[PDB]
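Chains H, G, B, C, A and F, in that order, give the protein sequences.
All letters in the first sequence, in the order written, are residues 11 to 220, 225 to 372 by the deposited numbering.
All letters in the second sequence, in the order written, are residues 11 to 220, 225 to 372 by the deposited numbering.
Its first residue numbered 3, the third sequence is counted upward by one per residue in the deposited numbering.
Its first residue numbered 3, the fourth sequence is counted upward by one per residue in the deposited numbering.
Its first residue numbered 3, the fifth sequence is counted upward by one per residue in the deposited numbering.
Its first residue numbered 3, the sixth sequence is counted upward by one per residue in the deposited numbering.
Ideal Cβ positions, reconstructed from N, Cα and C, are used throughout, including at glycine.
Before any comments, here is the structure.
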Amino acid sequence: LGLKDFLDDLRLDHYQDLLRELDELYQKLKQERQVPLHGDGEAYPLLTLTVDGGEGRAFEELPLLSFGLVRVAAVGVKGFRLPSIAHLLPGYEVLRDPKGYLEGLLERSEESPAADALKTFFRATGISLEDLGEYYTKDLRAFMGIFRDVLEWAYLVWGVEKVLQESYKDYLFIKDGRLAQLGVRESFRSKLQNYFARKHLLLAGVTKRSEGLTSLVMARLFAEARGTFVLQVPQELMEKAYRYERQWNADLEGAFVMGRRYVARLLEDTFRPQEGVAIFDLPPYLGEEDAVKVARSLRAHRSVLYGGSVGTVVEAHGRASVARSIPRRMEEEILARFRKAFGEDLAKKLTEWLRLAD
Amino acid sequence: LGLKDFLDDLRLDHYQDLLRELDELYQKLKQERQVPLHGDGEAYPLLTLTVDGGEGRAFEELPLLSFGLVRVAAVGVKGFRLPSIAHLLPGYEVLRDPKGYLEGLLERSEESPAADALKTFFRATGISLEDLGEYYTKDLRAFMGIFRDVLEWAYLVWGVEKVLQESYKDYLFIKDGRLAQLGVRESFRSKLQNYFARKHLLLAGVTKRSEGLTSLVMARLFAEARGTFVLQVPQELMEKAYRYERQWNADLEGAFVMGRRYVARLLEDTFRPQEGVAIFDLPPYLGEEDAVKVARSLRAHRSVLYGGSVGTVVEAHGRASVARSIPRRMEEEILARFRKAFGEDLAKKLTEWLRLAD
Amino acid sequence: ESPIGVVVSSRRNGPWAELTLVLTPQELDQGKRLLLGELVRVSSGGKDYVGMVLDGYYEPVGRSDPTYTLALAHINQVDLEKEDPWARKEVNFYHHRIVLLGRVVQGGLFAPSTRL
Amino acid sequence: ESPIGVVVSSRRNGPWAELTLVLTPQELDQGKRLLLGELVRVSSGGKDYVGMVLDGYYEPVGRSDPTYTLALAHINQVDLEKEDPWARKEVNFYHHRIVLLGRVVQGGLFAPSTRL
Amino acid sequence: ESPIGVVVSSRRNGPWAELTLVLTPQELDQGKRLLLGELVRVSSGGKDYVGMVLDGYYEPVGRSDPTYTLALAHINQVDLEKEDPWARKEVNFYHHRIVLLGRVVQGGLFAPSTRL
Amino acid sequence: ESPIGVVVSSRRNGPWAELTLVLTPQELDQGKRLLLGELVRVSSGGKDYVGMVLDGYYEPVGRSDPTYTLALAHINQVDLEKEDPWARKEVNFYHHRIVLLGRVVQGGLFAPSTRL
């Protein structure tokens with residue numbers, strides 16, 4: 011095949027310090043208290059939110075002839091769940107020229123659910139359209155992600171404000187992904203933080219693995239770990255992970271967890287080094303006892319589906335997921351509506367373009 | 011599944027907006043001059059260059075425990091070719107210090123073909139590392155692409171100056187990709203364009219597809239037009255393509271073709287709309303008659319492998335391709351060579367860490 | 003004086019050892035062919051065996067689509083012997099099956115079949 | 003006088019040799035067909051063989067889903083010949099099997115079957 | 003005094019127990035082979051069984067394409083042994099089937115077959 | 003006092019009901035085994051059945067390549083039970099098949115087979 015063209019001048023002099031620093035991090039971990047996580051323990055109920063996205067054919071190659079689907083859904087334990095917000099973003103529309111699509115949507119006279127949720131989120135949290143900065147207006151690739159993040163935040167706030175007026179006081183809100191927002195100004199994060207502290211929301215962001227996570231050094235030290243337990247990630251590990259992320263990806267200036275980060279064990283037998291590990295981030299206004307209680311709830315809702323999942327998270331992820339037949343039938347339905355709202359010649363010309371490409 | 015959620019507020023006006031620019035572009039193209047290729051004419055040998063590569067496991071999210079491979083190879087007529095050049099980038103070393111590895115590589119220049127080609131490329135046209143700008147030091151994702159592009163340019167210059175210093179003027183040099191460089195300062199492009207000018211290098215860049227919109231409209235044009243022909247792409251279409259690609263990806267700013275574009279039809283008959291279409295770019299010092307000659311050469315070296323190709327392009331790409339087995343065997347070789355230098359103790363923990371983490 | 007093709011597989015099919023031979027595009031272009039029922043020599047481990055050609059069939063080699071390639075060449079009136087060396091080289095392979103009968107030893111006595 | 007289709011495979015099926023022929027959309031639209039049991043000429047390596055058409059069947063060529071494409075066109079009330087010339091160009095192939103019976107040699111003699 | 007290969011599978015076939023053995027490139031280079039019908043020892047759980055080699059075949063190990071690799075090496079006049087030791091280590095494997103005849107009981111009578 | 007393995011499938015194979023049982027690396031490392039022809043108790047729906055162990059075979063569980071893993075360990079000469087516990091913990095499963103014969107009822111009578 012052509013090996014030995016890479017072997018010459020291997021330069022393997024860095025694996026020494028790589029392992030030296032990895033051992034330093036492991037030593038830092040070894041001096042961390044492991045609060046027991048026995049099965050019993052007072053726990054909160056759960057309310058898990060999630061967002062999923064789909065893409066029509068040729069959205070990358072020709073984003074001016076396709077569109078995108080965003081669906082946000084929430085599940086309360088089993089059936090005390092919220093509605094589901096689904097929005098279609100046409101590729102050509104204003105996505106090619108952002109910073110006007112958001113205005114048109116927010117000022118929607120109809121106020122479809124997607125716009126209503128954003129209205130409620132903005133008004134309640136005090137976050138204005140100028141807090142998003144200009145990162146989301148950079149281009150469509152950034153706009154899609156920023157829109158999805160803002161949609162998830164707005165869904166959380168709207169569910170707290172208009173569907174659970176008082177009940178939210180006895181729930182543990184679980185949001186998939188780390189409690190971190192990238193691509194916005196510090197004012198946006200400050201507003202989110204102060205609103206959450208004002209409402210005393212019980213919010214924990216649960217993640218499994220990829225962004226860049228050397229923090230999974232817990233794969234070691236969970237051997238001979240005495241079953242399940244809870245632990246707090248050290249500041250040195252957090253700093254090293256953050257610097258590695260900002261050296262590997264860039265555009266990750268906002269990635270620091272807005273609070274603390276804890277790692278808990280959900281399963282004691284795994285068949286594999288890194289199964290059944292929960293990594294949850296807690297807001298700055300929660301103590302260490304709150305971490306123990308959150309871990310107890312997470313274990314109480316543990317599953318063996320994807321190698322020690324959280325259960326409600328997989329349930330939610332299995333409801334907002336979008337099948338591809340959905341975009342296919344969406345294309346066909348849009349074609350039919352175009353035909354019945356404009357001329358058959360116009361519809362046939364569009365169909366000819368779609369036949370000649372994408 | 012719940013498709014009716016996405017059908018709440020369908021909008022069908024941007025489609026009418028879109029079915030005006032496509033028609034205008036089609037009418038603009040119908041005014042171009044088609045030059046036939048009667049299976050004969052003046053043709054001269056092709057010398058094609060290609061670059062490929064790969065990554066080891068865990069490099070996508072754990073680059074600090076992996077590496078990367080990049081290999082460049084060229085092939086010519088008469089069984090002619092050049093020695094290949096391959097390099098291995100250590101992920102951990104590079105990730106923590108861009109421009110700290112490039113300079114170290116450039117300084118060794120003992121036997122390594124990569125360093126030799128880089129030095130030759132720099133000294134043949136007076137290109138400095140300051141010309142490369144600051145885009146390639148932001149993160150590893152930018153560094154890898156910049157390294158590939160610069161290494162291919164250096165390969166071309168080194169082959170022009172060291173292997174064929176008298177017999178270079180009778181070959182047509184083919185580059186797999188558009189004649190453009192992104193992520194570098196204007197000085198880089200100016201110096202390249204003036205080094206090619208003072209050598210009158212017969213260089214054409216063949217892109218095939220990435225381009226998407228140009229192919230979309232040219233397939234419709236070919237559906238009508240009968241007979242293989244070569245025609246020049248209008249600037250009105252070129253500017254729209256540049257606008258759309260910039261809006262879809264800001265980093266593509268400055269990726270404009272360093273010359274003029276032409277589209278040629280290679281296959282009389284096809285089963286799919288966009289088969290047997292070759293899009294190529296020529297430097298500004300080559301006229302329309304030179305474009306016709308180059309199109310004749312490309313049609314004389316046509317192939318039916320990937321729905322109409324240039325044959326030499328596929329041969330060079332296959333030669334420079336890296337089998338998936340190579341990254342896996344490279345680790346087995348590197349670990350052995352590291353153990354036989356660092357002892358049987360420091361080597362065991364590296365394997366243990368690898369087992370624990372991917 | 004030189005080997006015909008390249009051996010790519012071997013097995014035991016009942017009471018007889020068999021192997022698979024592949025003829026490549028260059029060998030097929032030079033006119034090298036194997037007749038069904040012909041007797042050939044097989045060298046393995048420094049030992050000579052007598053073999054017989056049993057079967058012959060076409061099978062794609064690598065990640066190719068010979069049917070699509072050949073049809074697309076056909077509809078354009080492309081003579082693969084003169085115009086598309088790469089396309090011809092990607093599809094011009096051929097397969098054969100060879101059964102080992104035994105070997106000659108000592109003063110010419112025949113040892114039937116094999117255990118290796 | 004021109005060849006009918008394109009040969010895409012050959013093999014030995016028992017005591018006979020057979021090959022596979024594909025008819026493309028252009029030839030099918032021109033009206034070219036092969037009758038079962040019909041006798042045809044086969045040119046290979048400068049030699050002429052007699053062949054008989056044994057079989058015919060439909061099979062996808064390349065990357066396509068003929069059932070889905072045809073069903074969707076029927077559902078949407080589309081005429082392939084008129085509205086979609088390109089959807090009819092990727093599914094209109096046909097397959098045939100041809101067995102080689104022998105060749106005619108010398109002064110009107112017949113050499114049965116073949117070993118090549 | 004060392005195992006010949008590595009056991010990669012076991013099963014019950016009819017009234018007998020079989021296991022699959024794989025010979026690796028290093029052992030094949032050292033010249034170690036197994037004859038068909040040879041008697042071998044099988045150690046399992048501190049117990050010794052008598053086994054018989056029944057079968058032998060070539061199979062790919064891992065994610066590899068031996069046919070493409072060998073054909074490419076033959077085409078490009080690449081001598082694997084001397085020029086590409088790495089490409090020759092990923093295709094040089096062999097497979098064997100071994101049937102467990104029974105267990106010899108010291109100071110006792112041979113115990114036929116096995117239930118474990 | 004605890005189940006031997008985990009039941010992963012069941013069916014009607016002719017006039018009898020059969021189920022598939024899997025033994026995990028932990029149970030195998032504890033020395034637990036099932037002999038062919040051994041009688042076991044099957045609890046289902048609050049009812050007890052007599053069952054017999056009919057077959058036993060090795061099969062990969064999850065996403066794994068036991069052949070490649072074991073061959074690589076053998077090549078690199080790593081004691082799999084002392085150096086690579088995680089590699090040993092992903093291949094050490096085993097499969098058994100169990101047939102239900104019937105159940106004991108009232109005054110010691112036997113209800114044969116089952117409809118459930």
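| Query | Result |
| --- | --- |
| Cβ pair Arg188 (chain H), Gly63 (chain H) closer than 8 Å | no |
| Between the CA atoms of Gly241 (chain G) and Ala53 (chain G) - distance to the nearest angstrom | 19 Å |
| Continuous beta strand (DSSP E) stretch holding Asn78 (chain B): start and end | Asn78 (chain B) -> no beta strand (DSSP E), and no H or E assigned at all. |
| Distance, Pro17 (chain A) Cα to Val24 (chain F) Cα | 21 Å |
| Pair within 8 Å by beta-carbon distance, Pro248 (chain G) and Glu34 (chain G) | no |
| Nearest-angstrom Cβ-Cβ length linking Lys218 (chain G) and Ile156 (chain G), presumed shorter than 8 Å | Contact doesn't hold; Cβ gap of about 22 Å is too wide. |
| Cβ neighbours of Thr69 (chain A) in the same chain (closer than 6 Å, five flanking residues each side left out) | none |
| First through last residue of the alpha helix (DSSP H) which encompasses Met272 (chain G) | That residue, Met272 (chain G), is in no alpha helix (DSSP H); it is neither H nor E in DSSP. |
| Backbone CA spacing between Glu3 (chain B) and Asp86 (chain A) [nearest angstrom] | 24 Å |
| Residue environment, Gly290 (chain G), which counts as buried when at least 16 other CB atoms sit within 10 Å | buried |
| Whole-number beta carbon distance between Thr22 (chain C) and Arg99 (chain C), since they are thought to touch under 8 Å | 6 Å |
| Per-residue contacts from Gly58 (chain A) into chain B (C-beta, under 8 Å) | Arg13, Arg14 |
| Buried versus exposed call for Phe112 (chain C) [16 or more other C-beta atoms within 10 Å across all chains shown] | exposed |
| Span separating the alpha-carbon of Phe131 (chain G) from that of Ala330 (chain G) | 21 Å |
| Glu345 (chain G) in three-state terms, based on DSSP | helix |
| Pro87 (chain A) in three-state terms, based on DSSP | helix |
| Within chain F, the residues that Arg343 (chain G) reaches when beta carbons sit closer than 9 Å | Those do not exist, as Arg343 (chain G) stays about 11 Å from chain F at its closest Cβ, beyond 9 Å. |
| Integer Cβ distance of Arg117 (chain A) from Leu38 (chain F), believed to fall under 8 Å | 5 Å |
| Contacting positions in the segment 89-100 of chain A - beta carbon closer than 7 Å to chain H | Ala89 |
| Beta-carbon proximity list for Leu280 (chain G), same chain, < 6 Å, skipping 5 on both sides | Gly290, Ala292, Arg313, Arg316, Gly322 |
| Chain-order list of residues whose beta-carbon lies under 7 Å from that of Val306 (chain H) (same chain, five-residue window excluded) | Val45, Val244 |
| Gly215 (chain H) burial status per 10 Å Cβ neighbour count (16 or more: buried) | buried |
| At least three beta-carbon pairs within less than 8 Å, the segment 357-371 of chain G to the segment 59-68 of chain B | no |
| C-beta atoms of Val8 (chain B) and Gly53 (chain B) nearer than 8 Å | no |
| Contact residues within the segment 264-291 of chain H, judged by C-beta distance below 8 Å to chain F | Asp283, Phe285, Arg286, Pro287 |
| Beta strand (DSSP E) segments (min. 3 residues) lying fully within the segment 164-201 of chain H | 182-186 |
| Minimum C-alpha distance to residue 373 (chain G) - residue among G:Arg275, G:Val173, G:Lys201, G:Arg286 | Chain G is shown only over 11 to 372; residue 373 (chain G) falls outside these bounds and no answer can be derived. |
| CA-to-CA distance, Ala83 (chain H) to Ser94 (chain H), given in whole angstroms | 5 Å |
| Three-pair Cβ contact test at 8 Å for the segment 111-125 of chain H versus the segment 194-203 of chain H | no |
| Interface flag, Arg35 (chain B) vs chain C, CB-CB below 8 Å | yes |
| Buried versus exposed call for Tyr146 (chain G) [16 or more other C-beta atoms within 10 Å across all chains shown] | buried |
| Minimum C-alpha distance to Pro341 (chain H) - residue among H:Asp265, H:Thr284, H:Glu65 | H:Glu65 |
| CA-to-CA distance, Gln32 (chain B) to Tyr276 (chain G), given in whole angstroms | 40 Å |
| Local Cβ density within 10 Å of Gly78 (chain H), reported as buried at 16 or more and exposed below that | buried |
| Whole-angstrom distance between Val61 (chain G) and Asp186 (chain G), CA atom to CA atom | 8 Å |
| Candidates A:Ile6, A:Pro27, A:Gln28: closest to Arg43 (chain A) by CA position | A:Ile6 |
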